[PDB]
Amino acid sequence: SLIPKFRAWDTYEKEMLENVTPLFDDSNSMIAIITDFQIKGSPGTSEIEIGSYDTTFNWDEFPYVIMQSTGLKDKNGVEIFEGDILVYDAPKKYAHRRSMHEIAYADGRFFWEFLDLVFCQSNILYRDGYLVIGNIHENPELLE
């Protein structure tokens, strides 16, 4: 099963927004985003009260980039999203260079890039395990 959960990088404000709801037209294009809402009212006469939101008509270039949760967690229990960048949590002693690996989606599955292992919960936790160190938007220096 996979519970749909999304975060958005606001490229104009340079801010990561958690728990957002992307809204699409019937043609697979994002047209709005709800960043906060609450449900109000009584049983049978309830409503969705949108607190904060934005739409593509407000912008020449809509500044939100959406990323979905993989439903997997890292060694410290942090939920892994598309765009996260992970590293093997090696001991400090005899420290040796390690590469970082970005999470992406293709061909029906989430992949970590440049790694021989299959991306799955057991591989994330195996031996010393993997940790999310940042993401491609906030931390592009991790892949330099």
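Throughout, we count residues from 1 along the sequence that is shown.
Peer 1: Return whichever of 28-36 and 104-112 has the greater mean Cα B factor according to the PDB record.
Peer 2: The deposited B-factors put 28-36 ahead on the C-alpha mean.
Peer 1: Of the two stretches 8-16 and 117-125, which shows the higher Cα B-factor on average in the entry?
Peer 2: In the deposited entry, the stretch with the higher C-alpha B-factor mean is 8-16.
Peer 1: Looking at 66, 80, 95, 87, which has the biggest Cα B factor in the entry?
Peer 2: Top of the list by C-alpha B-factor: 95.
Peer 1: Using only modelled residues of the chain, where does the Cα B factor of residue 70 rank: lowest third, middle third or highest third?
Peer 2: As the PDB entry reports it, the C-alpha B-factor of residue 70 lands in the lowest third of its chain.
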